[PDB]
Amino acid sequence: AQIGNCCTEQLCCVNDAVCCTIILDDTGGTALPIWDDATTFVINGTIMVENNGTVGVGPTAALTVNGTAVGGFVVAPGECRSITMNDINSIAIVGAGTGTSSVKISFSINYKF
Amino acid sequence: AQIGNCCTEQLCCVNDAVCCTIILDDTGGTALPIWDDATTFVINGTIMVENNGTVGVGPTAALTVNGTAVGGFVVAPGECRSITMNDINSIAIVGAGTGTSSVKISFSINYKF
Amino acid sequence: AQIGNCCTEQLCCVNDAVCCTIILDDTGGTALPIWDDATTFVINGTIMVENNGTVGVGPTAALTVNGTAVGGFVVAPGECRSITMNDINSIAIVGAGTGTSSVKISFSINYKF
Amino acid sequence: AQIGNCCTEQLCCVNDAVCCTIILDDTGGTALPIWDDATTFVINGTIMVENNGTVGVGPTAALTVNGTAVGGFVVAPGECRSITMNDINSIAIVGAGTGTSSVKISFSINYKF
Amino acid sequence: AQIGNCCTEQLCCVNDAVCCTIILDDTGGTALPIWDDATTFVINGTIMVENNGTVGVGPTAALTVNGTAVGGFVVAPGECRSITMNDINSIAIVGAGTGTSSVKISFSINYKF
Amino acid sequence: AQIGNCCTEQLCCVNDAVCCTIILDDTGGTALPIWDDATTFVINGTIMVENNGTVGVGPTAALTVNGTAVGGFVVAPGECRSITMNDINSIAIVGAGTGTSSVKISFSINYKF
Amino acid sequence: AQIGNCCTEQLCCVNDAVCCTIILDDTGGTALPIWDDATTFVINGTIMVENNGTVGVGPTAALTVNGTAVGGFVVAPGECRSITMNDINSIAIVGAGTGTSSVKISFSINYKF
Amino acid sequence: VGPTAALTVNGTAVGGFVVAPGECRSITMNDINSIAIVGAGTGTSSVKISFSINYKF
Amino acid sequence: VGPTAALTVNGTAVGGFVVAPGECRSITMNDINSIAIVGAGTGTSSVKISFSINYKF
């Protein structure tokens with residue numbers, strides 16, 4: 001006769017979204033911190049960067065995740081680019097150019113607890 | 001007497017949406033990268049492209065997925081077109097014409113983890 | 001004694017919505033492609049067409065699904081009409097009249113994977 | 001010893017909402033089609049009609065469901081009225097009066113598949 | 001040996017929201033119908049009334065549910081009031097005063113089927 | 001041999017949100033009723049009060065829950081404050097000062113039925 | 001023969017979001033209370049602070065959680081910063097500088113009950 | 001994508017008992033003293049092992 | 001990440017019975033009088049223990 005039940009430990013799934021806009025200028029190769037992870041969970045999601053600055057004038061932006069720049073992820077003004085990834089712990093933006101640009105960063109955090 | 005339980009490995013289902021607007025000009029047949037996949041998951045979803053440029057003037061846009069152009073997916077100004085697909089790993093846009101057009105790209109990412 | 005568990009293959013249910021606006025003119029009976037299916041899933045949902053053009057001037061719009069026109073689905077300016085259906089694989093619009101109309105097409109895609 | 005499992009056939013529950021606005025005039029008792037059902041499912045939901053036209057001038061609107069007028073469901077300008085029902089297959093509006101009114105129709109479709 | 005499975009009859013849970021705005025004047029104690037129930041389900045939810053009319057001039061509004069006025073539920077201009085309840089079958093508003101007020105009624109319908 | 005199944009009585013989880021704006025003046029210590037509970041459920045959620053009135057002029061607002069003032073919950077103009085709690089049955093606001101302030105009250109109702 | 005069923009105690013998962021805007025000035029190192037916990041639950045979530053004040057003029061803001069300042073979490077004007085954490089019981093903001101800044105605080109509360 | 005699995009019993013691999021992803025395989029035997037699994041491939045796979053022990057005492 | 005677990009029976013640790021995360025291990029035995037678990041590592045792990053009691057009376 002069975003005693004007790006192994007059952008399960010049902011986990012709630014969190015799917016949040018974050019959006020903000022920044023005035024990006026030349027930072028000399030330094031990554032401006034945007035998002036950091038302080039938990040022990042495993043986090044997936046998609047990161048989107050849109051550069052709305054003036055075309056051909058505003059600085060370009062590059063994404064950095066986990067302290068390593070994403071291969072070829074540079075956004076020129078008048079463009080957007082999105083990338084999906086797993087095990088994301090840090091998100092930062094590096095600006096390069098002259099002038100200032102209105103750069104919008106959005107990202108989804110998906111995990112379970 | 002049963003020992004343990006096979007049970008399950010319940011998976012959280014992620015359904016995200018992305019939208020951006022770009023200034024599309026003549027790119028000479030080169031595909032501008034919009035979305036790329038860096039995970040091992042299987043991703044489904046719908047991709048919508050709307051060309052709001054001036055009618056009869058602005059360049060046309062064509063969708064490219066998995067490095068192969070979608071058959072007949074060309075959008076003239078003043079139109080929108082959407083397509084649903086499975087196993088999507090890359091999304092890019094190719095512009096053709098003269099002038100500049102305000103082209104809006106949206107897409108849904110659906111998967112489970 | 002049972003060995004293993006038949007269990008299940010739980011499926012994530014996708015419910016997406018799409019909306020766009022087009023400038024519809026006389027197309028001479030040709031159906032403008034709006035949505036196409038490239039997957040092997042079974043797709044249900046509701047399709048809504050609203051013709052906001054000037055009353056009594058703008059062209060009328062007719063819905064076409066699966067390559068067959070929907071019986072009596074013609075929308076005059078200043079009206080909206082919606083229809084729910086199952087096993088939807090294609091959506092197109094046919095315009096008839098003189099002038100141009102701002103016609104809004106929305107539709108829901110519901111399925112499971 | 002049990003062979004296989006009866007288990008279940010879990011059904012995804014669809015809960016969609018639709019909203020549109022129309023310019024309603026005198027139709028001479030004819031019902032303008034708003035929503036029709038082409039599936040074999042059982043559909044429940046709530047239907048709301050709001051008449052925002054000028055008070056005491058704009059025509060009144062009446063709801064019709066399943067080809068039968070709802071008892072006493074007439075909305076005067078400056079009012080809204082909602083009704084919940086089960087087994088809904090058709091929704092139409094009948095206008096009566098002089099002039100034109102901006103009438104907003106919303107409705108929820110709830111079912112399972 | 002068990003034959004068949006009692007299993008369950010899983011029910012989809014519907015949680016809808018409705019909002020509208022009305023021009024409320026003196027109705028002489030008569031309740032203006034806002035929402036009515038025509039189903040056999042048990043419906044819960046919260047009802048909120050906000051009176052945005054001019055302060056100290058516009059008429060006051062009172063809520064009526066199930067044909068009985070809610071104890072002390074009178075809203076003066078420049079105020080909102082919300083109440084949660086179970087087994088809701090009718091919602092109506094009674095206006096009292098002089099002039100006209102822009103009164104916003106919102107309510108949530110929660111049930112299972 | 002087992003007869004029947006204990007199974008479960010699965011409960012639908014309701015998570016609603018309410019928001020309104022009021023013109024708050026001096027009430028002489030009297031609590032203006034905002035939300036009341038008339039059900040037998042156990043309700044949790046978060047309550048947020050934002051005072052957008054002119055800085056240093058508009059009256060301050062204080063939250064009252066279950067007939068007892070929350071310790072130190074007073075909001076000055078140009079501020080917002082939120083508090084999460086369990087077993088919430090009443091929400092009211094007490095204004096103190098001179099003049100009028102545009103005070104926004106929002107709150108989430110979370111329970112199961 | 002089994003008597004009864006261990007079954008489960010299914011828990012509803014609450015995922016709420018809060019947003020407000022404040023006029024932040026120099027507080028002399030004192031933490032302005034933004035959010036406090038009065039329940040016995042375990043709360044996770046992400047906290048985002050965006051400083052929209054004038055660039056190079058408005059005061060900077062620093063986040064404080066659980067009575068301890070977050071390492072390096074200082075936001076200059078024209079920036080946003082977000083951090084995810086578990087076991088969150090208090091959120092406060094400390095302003096430092098000269099002048100006033102429009103600082104937006106948002107945060108997600110995720111738990112189960 | 002996922003690696004394949006092979007069963008080993010009594011320290012000797014079972015002839016041809018390799019399971020590809022999306023499959024199950026079962027084998028009945030007598031005088032069983034050890035059960036082990038050998039994985040081969042790239043990536044990770046969710047592999048379920050079940051077994052019945054029948055004896056008398 | 002999660003700590004490893006080791007089985008102890010009759011007050012003596014079972015030779016080599018250490019389970020790493022993402023694994024299961026089972027052992028059959030006779031004359032069992034005590035079962036205990038020893039954890040070693042950093043963090044917390046959800047560890048499931050099952051066992052069958054067979055006897056006659």
# chains A, B, ... in the order shown; residues from 1 in each chain; ligands from 1
call {"tool": "calpha_fit_and_write", "arguments": {"fixed": "chain A", "moving": "chain C", "output": "compact mmCIF listing (two decimals) with N, CA and C atoms, in the first residue's frame"}}
result
# COMPACT_ATOMS: atom_id res chain seq x y z
N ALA C 1 0.83 -1.20 0.00
CA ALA C 1 0.00 0.00 0.00
C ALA C 1 0.86 1.26 0.00
N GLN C 2 0.60 2.15 -0.94
CA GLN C 2 1.36 3.39 -1.04
C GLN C 2 1.13 4.26 0.19
N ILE C 3 2.21 4.86 0.69
CA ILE C 3 2.15 5.78 1.81
C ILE C 3 2.62 7.14 1.31
N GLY C 4 1.74 8.13 1.38
CA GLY C 4 2.03 9.44 0.85
C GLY C 4 1.99 9.45 -0.67
N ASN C 5 2.33 10.61 -1.23
CA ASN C 5 2.37 10.78 -2.67
C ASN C 5 3.59 11.61 -3.03
N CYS C 6 4.38 11.12 -3.99
CA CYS C 6 5.51 11.90 -4.48
C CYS C 6 5.03 13.23 -5.06
N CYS C 7 3.92 13.19 -5.80
CA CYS C 7 3.27 14.39 -6.31
C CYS C 7 4.23 15.27 -7.10
N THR C 8 4.26 16.56 -6.80
CA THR C 8 5.10 17.51 -7.51
C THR C 8 5.32 18.72 -6.61
N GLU C 9 6.06 19.70 -7.13
CA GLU C 9 6.38 20.95 -6.45
C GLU C 9 6.08 22.13 -7.36
N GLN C 10 4.86 22.15 -7.90
CA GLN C 10 4.49 23.04 -8.99
C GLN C 10 5.13 24.42 -8.85
N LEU C 11 5.65 24.92 -9.97
CA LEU C 11 6.40 26.16 -10.01
C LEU C 11 5.63 27.20 -10.80
N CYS C 12 5.56 28.42 -10.26
CA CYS C 12 4.93 29.52 -10.96
C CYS C 12 5.92 30.08 -11.98
N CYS C 13 5.42 30.36 -13.18
CA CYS C 13 6.25 30.84 -14.28
C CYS C 13 6.09 32.35 -14.40
N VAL C 14 7.20 33.07 -14.28
CA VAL C 14 7.22 34.53 -14.34
C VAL C 14 7.69 34.95 -15.72
N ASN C 15 6.92 35.85 -16.35
CA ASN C 15 7.23 36.39 -17.67
C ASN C 15 6.97 37.89 -17.57
N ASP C 16 8.03 38.66 -17.34
CA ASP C 16 7.95 40.10 -17.21
C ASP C 16 8.61 40.78 -18.39
N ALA C 17 8.25 42.05 -18.60
CA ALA C 17 8.80 42.86 -19.68
C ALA C 17 9.25 44.20 -19.12
N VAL C 18 10.36 44.72 -19.63
CA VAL C 18 10.92 45.99 -19.19
C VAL C 18 11.24 46.82 -20.42
N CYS C 19 10.98 48.13 -20.34
CA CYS C 19 11.26 49.06 -21.42
C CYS C 19 11.75 50.38 -20.83
N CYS C 20 12.77 50.96 -21.45
CA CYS C 20 13.18 52.31 -21.09
C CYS C 20 13.87 52.97 -22.28
N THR C 21 14.03 54.29 -22.18
CA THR C 21 14.67 55.10 -23.20
C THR C 21 15.79 55.90 -22.57
N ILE C 22 16.92 55.98 -23.27
CA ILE C 22 18.11 56.65 -22.77
C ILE C 22 18.65 57.58 -23.85
N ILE C 23 19.40 58.58 -23.39
CA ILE C 23 20.13 59.50 -24.26
C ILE C 23 21.56 58.98 -24.31
N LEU C 24 21.93 58.36 -25.42
CA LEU C 24 23.21 57.69 -25.56
C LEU C 24 24.19 58.60 -26.29
N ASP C 25 25.37 58.77 -25.72
CA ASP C 25 26.47 59.51 -26.32
C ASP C 25 27.71 58.62 -26.33
N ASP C 26 28.85 59.22 -26.68
CA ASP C 26 30.10 58.47 -26.73
C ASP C 26 30.58 58.17 -25.32
N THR C 27 30.75 56.89 -25.01
CA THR C 27 31.19 56.45 -23.69
C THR C 27 32.62 55.93 -23.68
N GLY C 28 33.32 56.00 -24.81
CA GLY C 28 34.70 55.56 -24.85
C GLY C 28 34.88 54.07 -24.60
N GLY C 29 33.96 53.25 -25.11
CA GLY C 29 34.07 51.82 -24.99
C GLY C 29 33.59 51.24 -23.67
N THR C 30 33.12 52.07 -22.74
CA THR C 30 32.64 51.59 -21.46
C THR C 30 31.18 51.20 -21.56
N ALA C 31 30.83 50.06 -20.95
CA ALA C 31 29.48 49.53 -21.03
C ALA C 31 28.63 50.13 -19.92
N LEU C 32 27.54 50.79 -20.30
CA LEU C 32 26.61 51.34 -19.33
C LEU C 32 25.71 50.23 -18.80
N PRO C 33 25.68 49.97 -17.49
CA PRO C 33 24.86 48.87 -16.98
C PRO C 33 23.38 49.17 -17.15
N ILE C 34 22.65 48.20 -17.70
CA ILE C 34 21.22 48.31 -17.90
C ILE C 34 20.46 47.32 -17.02
N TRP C 35 20.90 46.06 -16.98
CA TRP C 35 20.23 45.05 -16.19
C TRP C 35 21.26 44.10 -15.60
N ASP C 36 21.04 43.68 -14.36
CA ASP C 36 21.92 42.75 -13.68
C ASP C 36 21.08 41.72 -12.94
N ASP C 37 21.66 40.54 -12.75
CA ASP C 37 20.99 39.43 -12.08
C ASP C 37 21.63 39.20 -10.72
N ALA C 38 20.78 39.12 -9.68
CA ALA C 38 21.23 38.87 -8.32
C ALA C 38 20.60 37.63 -7.72
N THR C 39 19.87 36.85 -8.51
CA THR C 39 19.19 35.65 -8.04
C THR C 39 19.94 34.41 -8.53
N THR C 40 19.47 33.25 -8.08
CA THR C 40 20.05 31.96 -8.46
C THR C 40 19.24 31.25 -9.53
N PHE C 41 18.24 31.91 -10.10
CA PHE C 41 17.40 31.30 -11.11
C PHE C 41 18.11 31.28 -12.47
N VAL C 42 17.52 30.55 -13.40
CA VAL C 42 17.95 30.53 -14.80
C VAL C 42 16.95 31.36 -15.59
N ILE C 43 17.44 32.38 -16.28
CA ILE C 43 16.60 33.40 -16.90
C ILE C 43 16.81 33.35 -18.41
N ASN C 44 15.71 33.29 -19.15
CA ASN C 44 15.73 33.38 -20.60
C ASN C 44 15.01 34.65 -21.03
N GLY C 45 15.11 34.97 -22.31
CA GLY C 45 14.30 36.06 -22.84
C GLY C 45 14.91 36.68 -24.07
N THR C 46 14.21 37.69 -24.58
CA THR C 46 14.61 38.41 -25.78
C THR C 46 14.93 39.86 -25.43
N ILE C 47 15.97 40.39 -26.07
CA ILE C 47 16.45 41.74 -25.85
C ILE C 47 16.35 42.48 -27.18
N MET C 48 15.71 43.65 -27.16
CA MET C 48 15.51 44.47 -28.35
C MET C 48 16.07 45.86 -28.09
N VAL C 49 16.83 46.37 -29.07
CA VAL C 49 17.40 47.71 -29.02
C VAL C 49 16.99 48.44 -30.29
N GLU C 50 16.41 49.63 -30.13
CA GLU C 50 15.98 50.45 -31.25
C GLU C 50 16.64 51.81 -31.14
N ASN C 51 17.32 52.24 -32.20
CA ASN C 51 18.02 53.52 -32.21
C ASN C 51 17.21 54.48 -33.08
N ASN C 52 16.52 55.42 -32.43
CA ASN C 52 15.65 56.37 -33.11
C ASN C 52 16.34 57.69 -33.41
N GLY C 53 17.62 57.82 -33.12
CA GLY C 53 18.33 59.06 -33.37
C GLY C 53 18.30 59.47 -34.83
N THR C 54 18.81 60.67 -35.12
CA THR C 54 18.83 61.15 -36.50
C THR C 54 19.68 60.23 -37.36
N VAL C 55 19.24 60.02 -38.60
CA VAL C 55 19.92 59.09 -39.49
C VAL C 55 21.25 59.68 -39.93
N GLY C 56 22.32 58.89 -39.80
CA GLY C 56 23.63 59.30 -40.25
C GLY C 56 24.34 60.29 -39.36
N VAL C 57 23.79 60.60 -38.19
CA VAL C 57 24.38 61.58 -37.29
C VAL C 57 24.58 60.96 -35.91
N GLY C 58 23.52 60.38 -35.36
CA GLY C 58 23.54 59.88 -34.01
C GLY C 58 24.49 58.71 -33.82
N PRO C 59 25.02 58.55 -32.61
CA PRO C 59 25.93 57.43 -32.36
C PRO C 59 25.23 56.09 -32.49
N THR C 60 26.03 55.07 -32.79
CA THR C 60 25.56 53.70 -32.84
C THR C 60 25.67 53.05 -31.46
N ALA C 61 24.87 52.01 -31.25
CA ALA C 61 24.81 51.30 -29.98
C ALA C 61 25.13 49.83 -30.20
N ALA C 62 25.78 49.22 -29.21
CA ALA C 62 26.14 47.81 -29.24
C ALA C 62 25.73 47.16 -27.93
N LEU C 63 25.21 45.94 -28.03
CA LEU C 63 24.74 45.20 -26.87
C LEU C 63 25.88 44.36 -26.28
N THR C 64 25.88 44.25 -24.95
CA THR C 64 26.83 43.41 -24.24
C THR C 64 26.06 42.58 -23.23
N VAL C 65 26.29 41.27 -23.25
CA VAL C 65 25.59 40.33 -22.37
C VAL C 65 26.63 39.42 -21.72
N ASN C 66 26.49 39.22 -20.41
CA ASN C 66 27.41 38.37 -19.65
C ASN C 66 28.84 38.87 -19.75
N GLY C 67 29.02 40.17 -19.97
CA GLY C 67 30.34 40.74 -20.07
C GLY C 67 31.02 40.53 -21.40
N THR C 68 30.34 39.94 -22.38
CA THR C 68 30.91 39.69 -23.70
C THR C 68 30.00 40.31 -24.75
N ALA C 69 30.60 41.06 -25.67
CA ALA C 69 29.83 41.71 -26.72
C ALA C 69 29.22 40.68 -27.65
N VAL C 70 27.97 40.92 -28.06
CA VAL C 70 27.30 40.03 -28.99
C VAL C 70 27.86 40.24 -30.38
N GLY C 71 28.19 39.14 -31.06
CA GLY C 71 28.81 39.21 -32.36
C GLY C 71 28.00 39.95 -33.40
N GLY C 72 28.47 41.13 -33.80
CA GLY C 72 27.85 41.89 -34.86
C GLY C 72 26.61 42.66 -34.47
N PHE C 73 26.26 42.70 -33.18
CA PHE C 73 25.06 43.40 -32.73
C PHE C 73 25.39 44.88 -32.55
N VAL C 74 25.36 45.60 -33.67
CA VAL C 74 25.49 47.05 -33.69
C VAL C 74 24.29 47.60 -34.45
N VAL C 75 23.64 48.61 -33.87
CA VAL C 75 22.41 49.17 -34.42
C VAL C 75 22.69 50.60 -34.86
N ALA C 76 22.44 50.87 -36.13
CA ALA C 76 22.56 52.21 -36.68
C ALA C 76 21.25 52.97 -36.48
N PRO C 77 21.28 54.30 -36.54
CA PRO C 77 20.05 55.06 -36.34
C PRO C 77 19.00 54.73 -37.39
N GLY C 78 17.74 54.73 -36.95
CA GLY C 78 16.65 54.31 -37.81
C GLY C 78 16.49 52.82 -37.94
N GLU C 79 16.87 52.05 -36.92
CA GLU C 79 16.83 50.60 -36.98
C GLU C 79 16.46 50.04 -35.61
N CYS C 80 16.03 48.77 -35.62
CA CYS C 80 15.85 48.00 -34.40
C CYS C 80 16.43 46.62 -34.62
N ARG C 81 16.87 45.99 -33.54
CA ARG C 81 17.40 44.63 -33.61
C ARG C 81 17.09 43.91 -32.31
N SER C 82 16.67 42.65 -32.44
CA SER C 82 16.28 41.83 -31.30
C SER C 82 16.98 40.49 -31.37
N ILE C 83 17.27 39.94 -30.19
CA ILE C 83 17.97 38.66 -30.08
C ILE C 83 17.41 37.91 -28.88
N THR C 84 17.14 36.62 -29.06
CA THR C 84 16.65 35.76 -27.99
C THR C 84 17.82 34.94 -27.45
N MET C 85 17.83 34.72 -26.14
CA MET C 85 18.92 34.01 -25.50
C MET C 85 18.45 33.36 -24.21
N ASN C 86 19.28 32.46 -23.71
CA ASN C 86 19.03 31.70 -22.49
C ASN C 86 20.22 31.90 -21.56
N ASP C 87 19.95 31.83 -20.25
CA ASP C 87 20.97 32.04 -19.23
C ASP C 87 21.57 33.44 -19.34
N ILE C 88 20.69 34.44 -19.20
CA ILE C 88 21.07 35.84 -19.28
C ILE C 88 21.23 36.38 -17.87
N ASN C 89 22.39 36.98 -17.59
CA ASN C 89 22.70 37.51 -16.27
C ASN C 89 23.04 38.99 -16.27
N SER C 90 23.37 39.59 -17.41
CA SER C 90 23.72 41.00 -17.46
C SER C 90 23.43 41.54 -18.85
N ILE C 91 22.97 42.79 -18.89
CA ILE C 91 22.68 43.50 -20.13
C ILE C 91 23.24 44.91 -20.01
N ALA C 92 24.03 45.32 -21.00
CA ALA C 92 24.62 46.65 -21.01
C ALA C 92 24.70 47.15 -22.45
N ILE C 93 24.84 48.47 -22.59
CA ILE C 93 24.87 49.13 -23.89
C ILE C 93 26.14 49.96 -23.98
N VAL C 94 26.81 49.89 -25.13
CA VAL C 94 28.01 50.67 -25.41
C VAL C 94 27.71 51.58 -26.59
N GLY C 95 27.88 52.88 -26.40
CA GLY C 95 27.65 53.86 -27.45
C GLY C 95 28.96 54.28 -28.10
N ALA C 96 28.90 54.53 -29.40
CA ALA C 96 30.07 54.94 -30.16
C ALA C 96 29.65 55.90 -31.26
N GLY C 97 30.27 57.08 -31.28
CA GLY C 97 29.98 58.08 -32.29
C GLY C 97 30.07 59.50 -31.77
N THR C 98 29.36 60.42 -32.43
CA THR C 98 29.32 61.81 -32.02
C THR C 98 27.87 62.27 -31.94
N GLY C 99 27.59 63.10 -30.93
CA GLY C 99 26.24 63.55 -30.69
C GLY C 99 25.51 62.66 -29.70
N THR C 100 24.19 62.81 -29.66
CA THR C 100 23.33 62.07 -28.75
C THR C 100 22.20 61.42 -29.54
N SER C 101 21.77 60.24 -29.09
CA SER C 101 20.71 59.50 -29.74
C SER C 101 19.70 59.02 -28.71
N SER C 102 18.42 59.01 -29.09
CA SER C 102 17.37 58.47 -28.24
C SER C 102 17.26 56.97 -28.51
N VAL C 103 17.82 56.16 -27.61
CA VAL C 103 17.93 54.72 -27.80
C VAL C 103 16.99 54.03 -26.82
N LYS C 104 16.13 53.17 -27.34
CA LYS C 104 15.13 52.47 -26.55
C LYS C 104 15.57 51.02 -26.36
N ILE C 105 15.63 50.58 -25.11
CA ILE C 105 15.99 49.22 -24.76
C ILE C 105 14.79 48.55 -24.11
N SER C 106 14.41 47.39 -24.65
CA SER C 106 13.36 46.57 -24.06
C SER C 106 13.88 45.15 -23.92
N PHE C 107 13.34 44.42 -22.95
CA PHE C 107 13.77 43.04 -22.76
C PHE C 107 12.76 42.28 -21.91
N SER C 108 12.64 40.99 -22.21
CA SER C 108 11.74 40.10 -21.50
C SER C 108 12.53 39.17 -20.59
N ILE C 109 12.05 39.01 -19.36
CA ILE C 109 12.63 38.10 -18.38
C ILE C 109 11.63 36.96 -18.20
N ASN C 110 12.05 35.74 -18.53
CA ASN C 110 11.22 34.56 -18.38
C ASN C 110 11.95 33.54 -17.53
N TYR C 111 11.29 33.06 -16.47
CA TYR C 111 11.87 32.05 -15.60
C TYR C 111 10.74 31.37 -14.83
N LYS C 112 11.12 30.48 -13.93
CA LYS C 112 10.16 29.76 -13.10
C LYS C 112 10.70 29.67 -11.68
N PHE C 113 9.80 29.67 -10.70
CA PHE C 113 10.21 29.59 -9.30
C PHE C 113 9.23 28.75 -8.49
call {"tool": "calpha_fit_and_write", "arguments": {"fixed": "chain H", "moving": "chain I", "output": "compact mmCIF listing (two decimals) with C-alpha atoms, in the first residue's frame"}}
result
# COMPACT_ATOMS: atom_id res chain seq x y z
CA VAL I 1 19.74 16.46 -31.39
CA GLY I 2 19.82 14.78 -28.00
CA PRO I 3 22.37 12.09 -27.16
CA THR I 4 21.52 8.41 -27.46
CA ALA I 5 21.49 6.04 -24.49
CA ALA I 6 22.65 2.43 -24.18
CA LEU I 7 21.84 -0.09 -21.45
CA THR I 8 24.47 -2.11 -19.60
CA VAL I 9 23.61 -5.10 -17.41
CA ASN I 10 26.00 -7.28 -15.38
CA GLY I 11 28.86 -5.17 -16.74
CA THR I 12 28.14 -6.21 -20.34
CA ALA I 13 26.37 -4.03 -22.89
CA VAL I 14 23.10 -5.43 -24.22
CA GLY I 15 23.38 -6.32 -27.90
CA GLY I 16 21.93 -3.52 -29.99
CA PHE I 17 20.12 -1.79 -27.10
CA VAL I 18 20.56 1.82 -28.18
CA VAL I 19 17.62 4.23 -27.92
CA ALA I 20 17.33 7.29 -30.14
CA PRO I 21 15.33 10.35 -29.05
CA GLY I 22 11.59 9.95 -29.36
CA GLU I 23 11.68 6.22 -28.59
CA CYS I 24 11.32 3.67 -25.81
CA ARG I 25 12.72 0.16 -25.52
CA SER I 26 12.14 -2.57 -22.94
CA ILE I 27 13.82 -5.91 -22.28
CA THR I 28 12.96 -8.72 -19.86
CA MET I 29 15.73 -10.72 -18.20
CA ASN I 30 16.57 -13.09 -15.35
CA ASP I 31 19.46 -12.99 -12.88
CA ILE I 32 19.90 -9.22 -13.00
CA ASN I 33 22.54 -7.76 -10.68
CA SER I 34 23.46 -4.36 -12.17
CA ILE I 35 21.87 -1.72 -14.40
CA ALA I 36 23.72 1.25 -15.88
CA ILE I 37 23.27 3.75 -18.71
CA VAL I 38 25.90 5.03 -21.16
CA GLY I 39 25.21 8.27 -23.02
CA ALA I 40 26.74 9.18 -26.37
CA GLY I 41 26.27 12.36 -28.39
CA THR I 42 26.09 16.13 -27.97
CA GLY I 43 23.76 18.12 -25.75
CA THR I 44 21.49 16.87 -22.97
CA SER I 45 18.46 14.57 -23.05
CA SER I 46 15.69 13.82 -20.56
CA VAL I 47 16.00 10.04 -20.28
CA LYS I 48 13.54 8.03 -18.18
CA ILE I 49 14.63 4.67 -16.72
CA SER I 50 12.11 2.26 -15.20
CA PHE I 51 12.57 -1.31 -14.06
CA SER I 52 10.78 -4.08 -12.19
CA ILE I 53 12.42 -6.21 -9.49
CA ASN I 54 10.76 -9.61 -9.01
CA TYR I 55 12.02 -12.22 -6.56
CA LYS I 56 10.99 -14.39 -3.61
CA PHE I 57 12.21 -14.64 -0.03
call {"tool": "select_by_dssp", "arguments": {"residues": "chain H", "states": "strand (DSSP E)", "output": "PyMOL selection string"}}
result
chain H and resi 4-9+12-19+35-40
call {"tool": "write_last_selection", "arguments": {"atoms": "C-alpha atoms", "output": "CSV table (one decimal), in the first residue's frame"}}
result
chain,number,residue,atom,x,y,z
H,4,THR,CA,21.5,8.4,-27.5
H,5,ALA,CA,21.5,6.0,-24.5
H,6,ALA,CA,22.7,2.4,-24.2
H,7,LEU,CA,21.8,-0.1,-21.5
H,8,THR,CA,24.5,-2.1,-19.6
H,9,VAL,CA,23.6,-5.1,-17.4
H,12,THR,CA,28.1,-6.2,-20.3
H,13,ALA,CA,26.4,-4.0,-22.9
H,14,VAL,CA,23.1,-5.4,-24.2
H,15,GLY,CA,23.4,-6.3,-27.9
H,16,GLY,CA,21.9,-3.5,-30.0
H,17,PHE,CA,20.1,-1.8,-27.1
H,18,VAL,CA,20.6,1.8,-28.2
H,19,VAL,CA,17.6,4.2,-27.9
H,35,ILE,CA,21.9,-1.7,-14.4
H,36,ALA,CA,23.7,1.3,-15.9
H,37,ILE,CA,23.3,3.8,-18.7
H,38,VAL,CA,25.9,5.0,-21.2
H,39,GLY,CA,25.2,8.3,-23.0
H,40,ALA,CA,26.7,9.2,-26.4
